[PDB]
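Taking the form deposited in one PDB entry, here's one chain by itself in structure tokens.
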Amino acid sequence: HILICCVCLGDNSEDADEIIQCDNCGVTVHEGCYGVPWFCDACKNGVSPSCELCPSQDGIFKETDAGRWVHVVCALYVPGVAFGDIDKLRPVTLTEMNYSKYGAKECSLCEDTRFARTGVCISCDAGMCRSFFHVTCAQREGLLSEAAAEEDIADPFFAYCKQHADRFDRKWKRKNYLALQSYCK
């Protein structure tokens, strides 16, 4: 039986890193992708949160220092976020620099036009490409990648626009993203 991690879109639930599921909302995540009857952090606080950095209300969230909420995935890809905090079991810390970026760019991938200028966009990482999108909008299109440990890249999290993406990687990531809705309550 194949569950999908809503952070990395992988499906391997081995011995060390199992894919656990929130018993309240049904969200599924690698232990290792979340810092880990089990509740996700949002359900432990009885909230269905919105992300400070994107318009998506799906996926899994962590609390910030100031009492707000962000996607784990948005924390991994927005520059200037110390995302190793959740591994250390401490809140996401957003800086003045992060806050000053809200609404600065228009997301080119937004399904709902009303939200294209909300939150914080990332850009394509190929050459000097300047295509902007929310982290979760890129996630939906299969555009978020994590380099393997052996690749020895200091920031292993990167994203490519549709024109520059690995087509194979997009295909199975888009497929696994779509399958996530099937596991929800």
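Shifts are known only where both forms have a C-alpha. Here, rigid core means the biggest group of C-alpha atoms that superpose within 1.5 Å across both forms. Numbers follow the displayed sequence, beginning with 1.
Count, per the entry, the deposited residues between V36 and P37 that are not modelled, and return the matching class: none, 1 to 3, 4 to 9, or 10 or more.
Gap between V36 and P37: 10 or more residues without coordinates.
Do the C-alpha atoms of 89-97 or of 69-77 have the higher average B factor in the entry?
Between 89-97 and 69-77, it is 89-97 that shows the higher mean C-alpha B-factor.
Higher average CA B factor in the deposited record is what I'm after, so tell me if that's 109-117 or 80-88.
Looking at the recorded C-alpha B-factors, 80-88 comes out higher on average.
Have a look at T136, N45, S131, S145 and flag the one whose Cα has the highest B-factor in the entry.
Out of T136, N45, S131, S145, the record gives the largest C-alpha B-factor to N45.
Rank-wise, by C-alpha B-factor, drop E150 into the lowest, middle or highest third of its chain.
It falls in the top third of the chain.
Comparing against every modelled residue in the chain, figure out the third that the C-alpha B-factor of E31 lands in (lowest, middle or highest).
Its C-alpha B-factor, which the entry lists for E31, ranks in the highest third among residues of this chain.
Could you say whether, by C-alpha temperature factor, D41 belongs to the lowest, middle or highest third of its chain?
It falls in the middle third of the chain.
Place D58 in the lowest, middle or highest third of its chain's C-alpha B-factors, as listed in the PDB entry.
As the PDB entry reports it, the C-alpha B-factor of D58 lands in the highest third of its chain.
Please rank the C-alpha B-factors of the chain's modelled residues and tell me whether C161 sits in the lowest, middle or highest third.
Bottom third by C-alpha B-factor.
Just so it is clear, the following notes concern the form deposited in another entry, a form of the same protein that is not shown.
With the rigid core superposed, which of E96, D112, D87, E106 has its C-alpha shift by 2 Å or more between this form and the one not shown?
With the rigid core superposed, the residue that stands out is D87.
Which way does the C-alpha gap of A154 and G84 go in the other form, closer or farther, given it changes by 3 angstroms or more?
Relative to this form, farther apart in the other form.
Are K175 and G84 closer or farther apart at their Cα atoms in the other form than shown, with the shift being 3 Å or more?
Here the pair is closer than in the other form; there, farther apart.
Report the shifted segments between this form and the one not shown, defined as three or more consecutive common residues with all CA displacements of at least 2 angstroms relative to the rigid core fit.
This is the sole shifted run between this form and the one not shown: 83-90.
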